[PDB]
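A.B. asks: Questions regarding the structure given below will be posed in turn.
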Amino acid sequence: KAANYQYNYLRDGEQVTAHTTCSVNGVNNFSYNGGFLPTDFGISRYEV
Amino acid sequence: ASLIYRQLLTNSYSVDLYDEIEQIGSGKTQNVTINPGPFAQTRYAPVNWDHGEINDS
């Protein structure tokens, strides 16, 4: 998911404030079904 | 009546005052002197058109 984050650092003295947001594209979507019962475990879709 | 010319020459200094008056009267403008040196017009870039970022999954 889109993740935002701000920070700052030093670059030839003048303090530089930076603000960025990262995301992904072309993400593969895997899926796993360890069993079909209600008790069973499953992940309908996990991104890689 | 010859003294007209003598008088005009002698009193000619008042034209400085007249010049000051007309200078005060006149409106004024000025220049922003132009730059030479547009000797190199610049094109945009080598630009190629393509479809954007397809959102595959």
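Note on naming: chains are A, B, ... as they come in the structure tokens, residues start from 1 per chain, ligands start from 1 in the order shown.
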Given only C-alpha atoms, how would the per-residue table for chain A near chain B read, listing every residue at most 9 Å away with its closest atom pair and distance in Å to one decimal, sorted by chain and number, as JSON lines?
C.D. replies:
```
{"residue": "A:25", "atom": "CA", "partner": "B:55", "partner_atom": "CA", "distance": 6.2}
{"residue": "A:26", "atom": "CA", "partner": "B:56", "partner_atom": "CA", "distance": 4.8}
{"residue": "A:27", "atom": "CA", "partner": "B:57", "partner_atom": "CA", "distance": 5.6}
{"residue": "A:28", "atom": "CA", "partner": "B:57", "partner_atom": "CA", "distance": 5.5}
{"residue": "A:29", "atom": "CA", "partner": "B:57", "partner_atom": "CA", "distance": 6.6}
```
A.B. asks: Enumerate the residues of segment 1-32 of chain A with a DSSP assignment of strand (DSSP E), computed from the backbone, and present them as a ChimeraX atom specification.
C.D. replies: /A:3-10,15-22,29-32
A.B. asks: Could the residues in this selection be written to a file with N, CA, C and O atoms, as a PDB file, in the first residue's frame?
C.D. replies:
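The file below, selection-v5.pdb, is the result:
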```pdb
ATOM      1  N   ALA A   3       2.817   4.230   1.052  1.00  0.00           N
ATOM      2  CA  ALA A   3       3.383   4.549   2.360  1.00  0.00           C
ATOM      3  C   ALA A   3       4.122   5.872   2.276  1.00  0.00           C
ATOM      4  O   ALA A   3       5.080   5.997   1.510  1.00  0.00           O
ATOM      5  N   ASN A   4       3.699   6.839   3.081  1.00  0.00           N
ATOM      6  CA  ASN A   4       4.296   8.166   3.104  1.00  0.00           C
ATOM      7  C   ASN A   4       5.253   8.298   4.281  1.00  0.00           C
ATOM      8  O   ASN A   4       5.138   7.602   5.289  1.00  0.00           O
ATOM      9  N   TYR A   5       6.209   9.211   4.138  1.00  0.00           N
ATOM     10  CA  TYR A   5       7.260   9.362   5.133  1.00  0.00           C
ATOM     11  C   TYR A   5       8.029  10.640   4.844  1.00  0.00           C
ATOM     12  O   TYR A   5       8.360  10.919   3.687  1.00  0.00           O
ATOM     13  N   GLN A   6       8.323  11.397   5.895  1.00  0.00           N
ATOM     14  CA  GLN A   6       9.084  12.631   5.793  1.00  0.00           C
ATOM     15  C   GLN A   6      10.352  12.504   6.625  1.00  0.00           C
ATOM     16  O   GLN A   6      10.447  11.662   7.520  1.00  0.00           O
ATOM     17  N   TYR A   7      11.333  13.341   6.313  1.00  0.00           N
ATOM     18  CA  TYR A   7      12.611  13.324   7.019  1.00  0.00           C
ATOM     19  C   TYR A   7      13.401  14.552   6.590  1.00  0.00           C
ATOM     20  O   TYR A   7      12.910  15.399   5.840  1.00  0.00           O
ATOM     21  N   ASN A   8      14.635  14.639   7.072  1.00  0.00           N
ATOM     22  CA  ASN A   8      15.526  15.712   6.663  1.00  0.00           C
ATOM     23  C   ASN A   8      16.959  15.267   6.893  1.00  0.00           C
ATOM     24  O   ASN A   8      17.219  14.297   7.607  1.00  0.00           O
ATOM     25  N   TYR A   9      17.886  15.989   6.281  1.00  0.00           N
ATOM     26  CA  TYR A   9      19.296  15.652   6.415  1.00  0.00           C
ATOM     27  C   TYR A   9      20.139  16.859   6.020  1.00  0.00           C
ATOM     28  O   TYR A   9      19.621  17.960   5.803  1.00  0.00           O
ATOM     29  N   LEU A  10      21.452  16.648   5.958  1.00  0.00           N
ATOM     30  CA  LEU A  10      22.429  17.696   5.711  1.00  0.00           C
ATOM     31  C   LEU A  10      23.072  17.476   4.350  1.00  0.00           C
ATOM     32  O   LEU A  10      23.393  16.344   3.979  1.00  0.00           O
ATOM     33  N   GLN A  15      20.237  22.707   5.564  1.00  0.00           N
ATOM     34  CA  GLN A  15      19.364  21.613   5.965  1.00  0.00           C
ATOM     35  C   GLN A  15      18.305  21.377   4.899  1.00  0.00           C
ATOM     36  O   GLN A  15      17.637  22.315   4.455  1.00  0.00           O
ATOM     37  N   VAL A  16      18.147  20.121   4.495  1.00  0.00           N
ATOM     38  CA  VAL A  16      17.248  19.737   3.415  1.00  0.00           C
ATOM     39  C   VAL A  16      16.143  18.885   4.010  1.00  0.00           C
ATOM     40  O   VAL A  16      16.413  17.806   4.553  1.00  0.00           O
ATOM     41  N   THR A  17      14.905  19.358   3.897  1.00  0.00           N
ATOM     42  CA  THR A  17      13.730  18.602   4.314  1.00  0.00           C
ATOM     43  C   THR A  17      13.125  17.919   3.097  1.00  0.00           C
ATOM     44  O   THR A  17      12.939  18.552   2.053  1.00  0.00           O
ATOM     45  N   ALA A  18      12.838  16.629   3.234  1.00  0.00           N
ATOM     46  CA  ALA A  18      12.385  15.796   2.135  1.00  0.00           C
ATOM     47  C   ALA A  18      11.144  15.032   2.556  1.00  0.00           C
ATOM     48  O   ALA A  18      10.979  14.672   3.727  1.00  0.00           O
ATOM     49  N   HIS A  19      10.273  14.791   1.583  1.00  0.00           N
ATOM     50  CA  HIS A  19       8.983  14.165   1.814  1.00  0.00           C
ATOM     51  C   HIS A  19       8.724  13.222   0.653  1.00  0.00           C
ATOM     52  O   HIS A  19       8.769  13.648  -0.506  1.00  0.00           O
ATOM     53  N   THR A  20       8.469  11.949   0.956  1.00  0.00           N
ATOM     54  CA  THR A  20       8.373  10.930  -0.077  1.00  0.00           C
ATOM     55  C   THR A  20       7.244   9.966   0.242  1.00  0.00           C
ATOM     56  O   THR A  20       6.774   9.870   1.377  1.00  0.00           O
ATOM     57  N   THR A  21       6.792   9.277  -0.801  1.00  0.00           N
ATOM     58  CA  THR A  21       5.774   8.244  -0.690  1.00  0.00           C
ATOM     59  C   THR A  21       6.115   7.126  -1.658  1.00  0.00           C
ATOM     60  O   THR A  21       6.299   7.376  -2.849  1.00  0.00           O
ATOM     61  N   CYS A  22       6.176   5.901  -1.155  1.00  0.00           N
ATOM     62  CA  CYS A  22       6.562   4.750  -1.954  1.00  0.00           C
ATOM     63  C   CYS A  22       5.363   3.853  -2.220  1.00  0.00           C
ATOM     64  O   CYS A  22       4.433   3.761  -1.408  1.00  0.00           O
ATOM     65  N   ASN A  29       0.653 -11.323  -7.708  1.00  0.00           N
ATOM     66  CA  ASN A  29      -0.325 -11.646  -6.675  1.00  0.00           C
ATOM     67  C   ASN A  29      -0.440 -13.160  -6.583  1.00  0.00           C
ATOM     68  O   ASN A  29      -1.066 -13.793  -7.439  1.00  0.00           O
ATOM     69  N   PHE A  30       0.164 -13.735  -5.552  1.00  0.00           N
ATOM     70  CA  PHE A  30       0.102 -15.163  -5.304  1.00  0.00           C
ATOM     71  C   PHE A  30      -1.101 -15.434  -4.411  1.00  0.00           C
ATOM     72  O   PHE A  30      -1.652 -14.517  -3.802  1.00  0.00           O
ATOM     73  N   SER A  31      -1.513 -16.696  -4.342  1.00  0.00           N
ATOM     74  CA  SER A  31      -2.641 -17.102  -3.514  1.00  0.00           C
ATOM     75  C   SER A  31      -2.366 -18.490  -2.966  1.00  0.00           C
ATOM     76  O   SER A  31      -1.753 -19.312  -3.652  1.00  0.00           O
ATOM     77  N   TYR A  32      -2.801 -18.754  -1.734  1.00  0.00           N
ATOM     78  CA  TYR A  32      -2.602 -20.057  -1.116  1.00  0.00           C
ATOM     79  C   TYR A  32      -3.853 -20.485  -0.364  1.00  0.00           C
ATOM     80  O   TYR A  32      -4.524 -19.658   0.260  1.00  0.00           O
TER      81      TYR A  32
END
```
A.B. asks: Using only C-alpha atoms, which protein or nucleic acid residues come within 9 Å of residue 42 of chain A? Drop anything in the same chain fewer than 3 positions from it, and give the result as an NGL selection string.
C.D. replies: :A and (31-36 or 45)
A.B. asks: Using DSSP on the backbone, list every residue of chain B that comes out as helix (DSSP H, G or I), and give them as a PDB file with N, CA, C and O atoms, in the first residue's frame.
C.D. replies:
```
ATOM      1  N   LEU B   3      19.385  98.204 -29.971  1.00  0.00           N
ATOM      2  CA  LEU B   3      19.667  97.530 -28.714  1.00  0.00           C
ATOM      3  C   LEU B   3      18.834  96.284 -28.509  1.00  0.00           C
ATOM      4  O   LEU B   3      19.063  95.595 -27.517  1.00  0.00           O
ATOM      5  N   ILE B   4      17.892  95.964 -29.393  1.00  0.00           N
ATOM      6  CA  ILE B   4      17.144  94.717 -29.246  1.00  0.00           C
ATOM      7  C   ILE B   4      18.093  93.530 -29.276  1.00  0.00           C
ATOM      8  O   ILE B   4      18.021  92.632 -28.429  1.00  0.00           O
ATOM      9  N   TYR B   5      18.997  93.507 -30.250  1.00  0.00           N
ATOM     10  CA  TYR B   5      19.891  92.366 -30.387  1.00  0.00           C
ATOM     11  C   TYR B   5      20.879  92.308 -29.230  1.00  0.00           C
ATOM     12  O   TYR B   5      21.135  91.230 -28.677  1.00  0.00           O
ATOM     13  N   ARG B   6      21.438  93.457 -28.849  1.00  0.00           N
ATOM     14  CA  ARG B   6      22.317  93.496 -27.688  1.00  0.00           C
ATOM     15  C   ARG B   6      21.603  92.982 -26.450  1.00  0.00           C
ATOM     16  O   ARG B   6      22.169  92.201 -25.678  1.00  0.00           O
ATOM     17  N   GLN B   7      20.356  93.401 -26.249  1.00  0.00           N
ATOM     18  CA  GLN B   7      19.614  92.987 -25.070  1.00  0.00           C
ATOM     19  C   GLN B   7      19.339  91.493 -25.091  1.00  0.00           C
ATOM     20  O   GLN B   7      19.466  90.823 -24.063  1.00  0.00           O
ATOM     21  N   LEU B   8      18.958  90.952 -26.248  1.00  0.00           N
ATOM     22  CA  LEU B   8      18.687  89.522 -26.322  1.00  0.00           C
ATOM     23  C   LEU B   8      19.945  88.715 -26.033  1.00  0.00           C
ATOM     24  O   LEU B   8      19.913  87.758 -25.247  1.00  0.00           O
ATOM     25  N   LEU B   9      21.073  89.106 -26.629  1.00  0.00           N
ATOM     26  CA  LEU B   9      22.322  88.408 -26.344  1.00  0.00           C
ATOM     27  C   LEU B   9      22.693  88.511 -24.869  1.00  0.00           C
ATOM     28  O   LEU B   9      23.066  87.511 -24.246  1.00  0.00           O
ATOM     29  N   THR B  10      22.591  89.708 -24.289  1.00  0.00           N
ATOM     30  CA  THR B  10      23.021  89.891 -22.907  1.00  0.00           C
ATOM     31  C   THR B  10      22.130  89.124 -21.942  1.00  0.00           C
ATOM     32  O   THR B  10      22.621  88.523 -20.982  1.00  0.00           O
ATOM     33  N   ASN B  11      20.823  89.128 -22.179  1.00  0.00           N
ATOM     34  CA  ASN B  11      19.862  88.493 -21.293  1.00  0.00           C
ATOM     35  C   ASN B  11      19.626  87.027 -21.620  1.00  0.00           C
ATOM     36  O   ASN B  11      18.805  86.388 -20.956  1.00  0.00           O
ATOM     37  N   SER B  14      18.557  83.723 -19.318  1.00  0.00           N
ATOM     38  CA  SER B  14      17.256  83.305 -18.801  1.00  0.00           C
ATOM     39  C   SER B  14      16.719  82.060 -19.496  1.00  0.00           C
ATOM     40  O   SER B  14      15.809  81.402 -18.971  1.00  0.00           O
ATOM     41  N   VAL B  15      17.248  81.718 -20.671  1.00  0.00           N
ATOM     42  CA  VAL B  15      16.799  80.506 -21.331  1.00  0.00           C
ATOM     43  C   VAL B  15      17.157  79.272 -20.524  1.00  0.00           C
ATOM     44  O   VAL B  15      16.534  78.229 -20.704  1.00  0.00           O
ATOM     45  N   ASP B  16      18.149  79.354 -19.639  1.00  0.00           N
ATOM     46  CA  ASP B  16      18.393  78.244 -18.725  1.00  0.00           C
ATOM     47  C   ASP B  16      17.197  78.037 -17.806  1.00  0.00           C
ATOM     48  O   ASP B  16      16.758  76.900 -17.581  1.00  0.00           O
ATOM     49  N   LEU B  17      16.648  79.129 -17.278  1.00  0.00           N
ATOM     50  CA  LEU B  17      15.452  79.030 -16.454  1.00  0.00           C
ATOM     51  C   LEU B  17      14.291  78.480 -17.267  1.00  0.00           C
ATOM     52  O   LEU B  17      13.513  77.649 -16.785  1.00  0.00           O
ATOM     53  N   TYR B  18      14.165  78.937 -18.511  1.00  0.00           N
ATOM     54  CA  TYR B  18      13.105  78.435 -19.381  1.00  0.00           C
ATOM     55  C   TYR B  18      13.263  76.940 -19.639  1.00  0.00           C
ATOM     56  O   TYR B  18      12.273  76.198 -19.686  1.00  0.00           O
ATOM     57  N   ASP B  19      14.501  76.486 -19.836  1.00  0.00           N
ATOM     58  CA  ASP B  19      14.759  75.067 -20.032  1.00  0.00           C
ATOM     59  C   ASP B  19      14.379  74.270 -18.796  1.00  0.00           C
ATOM     60  O   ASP B  19      13.805  73.181 -18.900  1.00  0.00           O
ATOM     61  N   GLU B  20      14.696  74.794 -17.612  1.00  0.00           N
ATOM     62  CA  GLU B  20      14.281  74.118 -16.389  1.00  0.00           C
ATOM     63  C   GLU B  20      12.763  74.023 -16.313  1.00  0.00           C
ATOM     64  O   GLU B  20      12.215  72.983 -15.930  1.00  0.00           O
ATOM     65  N   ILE B  21      12.069  75.101 -16.676  1.00  0.00           N
ATOM     66  CA  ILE B  21      10.609  75.098 -16.624  1.00  0.00           C
ATOM     67  C   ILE B  21      10.035  74.047 -17.561  1.00  0.00           C
ATOM     68  O   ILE B  21       9.162  73.263 -17.173  1.00  0.00           O
ATOM     69  N   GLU B  22      10.482  74.035 -18.816  1.00  0.00           N
ATOM     70  CA  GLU B  22       9.917  73.061 -19.744  1.00  0.00           C
ATOM     71  C   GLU B  22      10.301  71.640 -19.350  1.00  0.00           C
ATOM     72  O   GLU B  22       9.523  70.707 -19.577  1.00  0.00           O
ATOM     73  N   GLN B  23      11.478  71.453 -18.746  1.00  0.00           N
ATOM     74  CA  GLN B  23      11.845  70.136 -18.238  1.00  0.00           C
ATOM     75  C   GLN B  23      10.897  69.688 -17.135  1.00  0.00           C
ATOM     76  O   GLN B  23      10.471  68.527 -17.108  1.00  0.00           O
ATOM     77  N   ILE B  24      10.557  70.590 -16.214  1.00  0.00           N
ATOM     78  CA  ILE B  24       9.602  70.248 -15.163  1.00  0.00           C
ATOM     79  C   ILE B  24       8.236  69.958 -15.764  1.00  0.00           C
ATOM     80  O   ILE B  24       7.505  69.078 -15.293  1.00  0.00           O
ATOM     81  N   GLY B  25       7.858  70.705 -16.800  1.00  0.00           N
ATOM     82  CA  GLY B  25       6.562  70.488 -17.416  1.00  0.00           C
ATOM     83  C   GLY B  25       6.461  69.147 -18.118  1.00  0.00           C
ATOM     84  O   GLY B  25       5.444  68.456 -18.014  1.00  0.00           O
TER      85      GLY B  25
END
```
A.B. asks: Would you work out the distance separating atom CA of residue 40 of chain A from atom CA of residue 1 of chain A, expressed in Å to one decimal?
C.D. replies: 26.9 Å
